[PDB]
Each structure stands twice: as structure tokens, then as C-alpha cells.
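In the authors' numbering, the protein residues as written are 5 to 118, 122 to 171, 174 to 352. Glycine included, every Cβ here is placed at the ideal spot set by N, Cα and C. Notes follow the structure.
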Amino acid sequence: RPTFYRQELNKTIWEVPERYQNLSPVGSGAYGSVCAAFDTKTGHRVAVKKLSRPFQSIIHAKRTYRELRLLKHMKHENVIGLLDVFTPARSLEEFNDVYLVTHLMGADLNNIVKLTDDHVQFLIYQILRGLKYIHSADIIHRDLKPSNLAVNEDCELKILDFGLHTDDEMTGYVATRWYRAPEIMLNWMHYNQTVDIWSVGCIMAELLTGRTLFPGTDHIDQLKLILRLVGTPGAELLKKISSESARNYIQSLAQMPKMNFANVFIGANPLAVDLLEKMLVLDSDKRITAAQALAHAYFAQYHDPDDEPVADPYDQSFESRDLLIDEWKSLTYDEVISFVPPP
Ligand SMILES: N#CCC(=O)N1CCC(Cc2ccccc2)CC1
Ligand SMILES: [Cl-]
Ligand SMILES: [Cl-]
Ligand SMILES: [Cl-]
Ligand SMILES: [Cl-]
Ligand SMILES: [Cl-]
């Protein structure tokens, strides 16, 4: 057990191992209770997150367990990883607080982009390499957007802030909805991992143009912008929409054909236009997969099929389990004390 020390940072007690020095808050509350520190063991600048109210409800205790399980699994260059997890508690009986540690990441895709074709090739390659890994473990991100992509001075990228979202959060003229696949925005059907590829298309279009692709003022305005570009649905997709009311609403709209993407993305690399056509497909069954997109000619400069790794299998059977607060808290304690740090 390391030696812990205490200090108060912006109205908050922090009790952390001596290896972590120079704790200074970051985000102005945007990231939660998150400090920058220097890690004397590894020499890395790190981010330390102190969870708020981790066991306050069944919902909150399960969410804490879910976050720790996902962060302990993800071991990939293009995905957030866990450098450490700790508690000052010496037993289950006195366990209350959880702290998570990762690489300090001060800039997101907006900070760098709010870009040449080469920059777009490399940034989208890295998102797709990370997603091939995530999808191979049957994990769905569900919230890819520029603020959830960390980028450094060498244009190296990591995916963070996995979907673990409020009705009010998704209402009106908001970036929280602009990157969402239509089938999840309007609850058309059971969604799967293809929702993430729609988001990658939206991000790639905005890196090429400098403009949000579907900046809707509300859910309905946003669906009109999407159908103007990709076309109204055919009979085959309408059959897959499980809500009769959602089906009836779509059939009230005047039919529109798919637009010519070379006349929308004027001057772009033809290979970029072709890849956008394969991502931004309304029927999720017909979208290009991450593994297929890595092999597209647009990424010929970067693609190496011997350096695009898959994940170990990920058991999420807990998601269907009904437990008490103290059962979720005990499972979380076991995962803190069993953590093994990376080499
Ligand atoms: N500067 C700044 C921001 C910053 O460094 N990042 C964004 C906030 C997350 C918070 C976090 C910490 C540990 C485990 C999961 C998530 C990570 C780091
Ligand atoms: Cl220490
Ligand atoms: Cl990381
Ligand atoms: Cl504690
Ligand atoms: Cl964003
Ligand atoms: Cl597992």
C-alpha cells in the first residue's frame, strides 16, 4: 500500500498516493472533479478524476462499475487507457471514494479544427483503427463527436468519453445531437455498432469543409437535412422501422433522391467522396464497417493490416444483472484491488 497525503482543491478533499505531485484542477468543472498532476513513477503528466457520489443509487453504483470495467479493458494506442485506479480505503467496510488516472490530454479535435487532405487521412485513419478495436469487443461508443477525440501536436488521436444522455441535453441547436445516426436520434429500431460509422462520416465531412454537416435546430430539422443529402427511405428500410408512428411520419415526407456527393463536397479528393458515400448510408445494415474502411484506397499511405489490432473478448453479462447497491459496490472494490498497471 503506498503512503497517501490529503489536500483540499476547490472545495474538494483529495487523498492520493505520494507518487502524484502538483495537483492543479482542469476543465473548470467540464470533466467533473479532474486534476492535472505529475506522476513521479512513470514521468507522465496525468489526469486524475475523483468520482462524485459513486454509490449514491443502484443506477449510480452500476454506472461506476460499468466505467471501471470498460476503462480496465481498453488497451489500444487510439483509445483512452487506465494508468492507475486507487482508493484510500484499507477495506470494503471503509470504501467510499474511487480515483481514475490516465494520460493528460489538454486538446480535443475542436481545439485543433474549430487541415489538408493529408491531415484528414491521418485523423480519420486513427479513429477507424480505434473503432475496429472497440467493435471487435462488441462495444458500441454511441457518442463520437469532435469534443470526445483528444489530439496532440503530432496529430496523434485517442477516442474518449464512451457513452455510459438526458432529453434536455439532446434538444434544439446542439452539437450533442448533430453527429448521431438517425435510427438512434428517433428511436427507429434496435441500434448496433453501425451507429459509430455514421458519426465518423459526419466528423470526416466537417474536417473536409470546415462546416457542421447536419446542424439541425431540432430533431425534425436535422432529419430533413439528412434526407435531403442521402434520400428518403425505400420500402426495405421502412420495414425495419419498428415504430408504426415513426414509419407513418417518414411516409408523410415527399420522396427525394440521394444527392451527388461530388457536387456537395466540391474539390475534395475523389477517394474521400467515395468513402463518405459508403459511411453516410441511411440503412445501417449497408454501411461500411471499420475493418472494411481501413482497407479503402483513401488510407493507402497509412493502412498496415499487421498493425491494426483487435481486442480481447469483453464479458458485459453484468448489464442484464439486477443487484443491490452494496453488491455493485463490492464488485467495484474487487476491480480496484485487482488492477495491474501497464508495463
Ligand atoms: N486537461 C485536460 C482534460 C484531460 O486531460 N482529459 C479529459 C478528461 C478525462 C477525465 C478522465 C480521467 C481518468 C479516466 C477517465 C477520464 C481524461 C483526461
Ligand atoms: Cl506513492
Ligand atoms: Cl490513454
Ligand atoms: Cl474511501
Ligand atoms: Cl463536439
Ligand atoms: Cl471480460
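inquiry  = Our contact map puts residue 44 next to residue 57 with C-beta atoms below 8 Å; I'd like the distance itself, whole angstroms only.
reply    = Counting from 1 along the sequence shown, the entry for residue 44 is found at position 40. Counting from 1 along the sequence shown, the entry for residue 57 is found at position 53. In fact, because the Cβ distance is near 30 Å, the residues do not count as touching under 8 Å.
message = Just checking residue 69 against ligand 6 - is the residue's beta carbon closer than 7 Å to any of the ligand's heavy atoms?
response = By 1-based counting over the sequence shown, the position of residue 69 is 65. The answer is no for residue 69.
message = Using 8 Å for Cβ pairs, my map puts residue 310 next to residue 128. What's the rounded Cβ distance?
response = The sequence position of residue 310 within the sequence shown is 301, counting from 1. The sequence position of residue 128 within the sequence shown is 121, counting from 1. So it is a contact: roughly 6 Å between Cβ atoms.
query = Can you tell me whether residue 137 is buried or exposed, with buried defined as 16 or more other CB within 10 angstroms of its CB?
reply = Working through the sequence shown from its first residue, we reach residue 137 at position 130. Residue 137 is buried by the Cβ-count criterion.
ask   = Name the DSSP beta bridge partners of residue 106, please?
value = Taking the first residue of the sequence shown as 1, we reach residue 106 at position 102. Partner(s): 51.
inquiry  = Using only CA atoms, which one of 161, 154, 202 and 168 lies nearest to residue 183?
reply    = For this step, residue 183 is matched to residue 174 along the sequence shown. It is 154.
request  = In angstroms with no decimal places, state the Cα-to-Cα distance between residue 42 and residue 71.
outcome  = Counted from its first residue, the sequence shown places residue 42 at position 38. Counted from its first residue, the sequence shown places residue 71 at position 67. Distance between the alpha carbons of residue 42 and residue 71 is about 24 Å.
ask   = What do you reckon, is the C-beta of residue 298 under 7 Å from a heavy atom of ligand 2?
value = Here residue 298 is taken as the residue at index 289 of the sequence shown, counted from 1. Not under cutoff, so the answer is no.
query = With distances taken from each beta carbon to the nearest heavy atom of ligand 5, which residues come in below 5 Å, in chain order?
reply = 152, 153, 154 and 184
Sheet register partners of residue 39 (DSSP bridge) = Taking the first residue of the sequence shown as 1, we reach residue 39 at position 35. In DSSP, residue 39 forms a bridge with 29 and 52.
Residue from 54, 297, 181 and 50 with nearest C-alpha to residue 12 = Working through the sequence shown from its first residue, we reach residue 12 at position 8. Residue 12 has its Cα closest to that of 54, out of 54, 297, 181 and 50.
ask   = For residue 270, does the three-state DSSP call read helix, strand or coil?
value = Residue 270 sits at position 261 when you count from the first residue of the sequence shown. Helix, per DSSP.
query = If you draw a straight line from the alpha carbon of residue 350 to that of residue 260, how long is it in whole angstroms?
reply = Within the sequence shown, the letter at position 341 stands for residue 350. Within the sequence shown, the letter at position 251 stands for residue 260. Their backbone Cα atoms lie some 54 Å apart in a straight line.
DSSP-derived helix/strand/coil call for residue 325 = The sequence position of residue 325 within the sequence shown is 316, counting from 1. The answer is coil: DSSP assigns residue 325 none of H, G, I, E or B.
ask   = CB-CB under 7 Å to residue 317, same chain, minus the five flanking residues each way: which ones, in chain order?
value = Looking up residue 317 in the sequence shown gives position 308. Around residue 317: 136, 139 and 303.
inquiry  = Let me make sure I understand the geometry here. Which of 15, 14 and 21 has the alpha-carbon closest to that of residue 6?
reply    = As a position in the sequence shown, residue 6 is number 2, starting the count at 1. Answer by Cα proximity: 21.
inquiry  = If contacts are defined as beta-carbon pairs under 8 Å, then residue 113 and residue 75 qualify, I think. What distance do you get, rounded to the angstrom?
reply    = The count along the sequence shown starts at 1 and reaches residue 113 at position 109. The count along the sequence shown starts at 1 and reaches residue 75 at position 71. Incorrect: roughly 21 Å between the Cβ atoms, too far for contact.
task = Enumerate in chain order the residues of its own chain whose CB-to-CB distance from residue 223 is below 6 Å, with the five nearest sequence positions on each side excluded.
result = One-based indexing of the sequence shown puts residue 223 at position 214. Only 187, 231, 234 and 235 meet the Cβ criterion.
key: alpha helix (DSSP H) segments (min. 4 residues) lying fully within the region 231-258   = 244-249
Which listed residue (290, 63, 144 and 61) has its alpha carbon closest to that of residue 77 = In the sequence shown, the residue the question calls residue 77 occupies position 73. That would be 144, whose Cα lies nearest to the Cα of residue 77.
ask   = If residue 157 sits next to residue 109, beta carbons under 8 Å apart, how far is it from one beta carbon to the other, in whole angstroms?
value = Position 150 of the sequence shown, counted from the start, is the residue given in the question as residue 157. Position 105 of the sequence shown, counted from the start, is the residue given in the question as residue 109. So it is a contact: roughly 4 Å between Cβ atoms.
ask   = By Cβ distance, which residues of its chain are closer than 7 Å to residue 312, with the 5 residues on each side in sequence left out?
value = If you number the sequence shown from 1, residue 312 lands on position 303. Hits under 7 Å: 303 and 304.
message = Within 8 Å, do at least three Cβ pairs link the region 245-260 to the region 195-208?
response = yes
ask   = DSSP beta-bridge partners for residue 9?
value = Position 5 of the sequence shown, counted from the start, is the residue given in the question as residue 9. Per DSSP, 20.
inquiry  = Considering only the alpha carbon of each residue, which of 204, 162 and 214 lies closest to residue 293?
reply    = Counting from 1 along the sequence shown, the entry for residue 293 is found at position 284. Checked all of 204, 162 and 214; the closest Cα to residue 293 is 204.
task = Could you tell me the boundaries of the beta strand (DSSP E) in which residue 214 lies?
result = For the purposes of this step, residue 214 is taken as the residue at position 205 of the sequence shown. Run containing residue 214: none in the beta strand (DSSP E); it sits in the alpha helix (DSSP H), 203-218.
key: Runs of alpha helix (DSSP H) wholly within the region 54-89 (minimum 4 residues, chain order)   = 62-77
query = DSSP beta-bridge partners for residue 112?
reply = On the sequence shown, residue 112 is found 108 positions in, with the first residue counted as 1. Partner(s): 157.
inquiry  = So, under 8 Å CB-CB, residue 216 and residue 117 are touching, yes? Tell me the CB distance rounded to an integer number of Å.
reply    = For this step, residue 216 is matched to residue 207 along the sequence shown. For this step, residue 117 is matched to residue 113 along the sequence shown. Indeed they touch by this definition, with Cβ atoms about 6 Å apart.
query = Taking 7 Å as the cut-off, is the CB of residue 323 close to at least one heavy atom of ligand 7?
reply = Only ligand 1, ligand 2, ligand 3, ligand 4, ligand 5 and ligand 6 can be found as ligands here, which leaves ligand 7 out of the picture.
task = Using 10 angstroms around the beta-carbon of residue 92, count the other beta-carbons present and answer buried if the total reaches 16, otherwise exposed.
result = Within the sequence shown, the letter at position 88 stands for residue 92. Buried, because 16 or more other Cβ atoms sit within 10 Å of the Cβ of residue 92.
query = Going by Cα to Cα distance, which pick from 33, 169, 87 and 28 is closest to residue 47?
reply = Position 43 of the sequence shown holds residue 47. Selected option, being the one with the closest Cα: 87.
inquiry  = Tell me the residue span of the beta strand (DSSP E) that contains residue 165.
reply    = Locating residue 165 in the sequence shown gives position 158, counting from the first residue. Residues 164-166.
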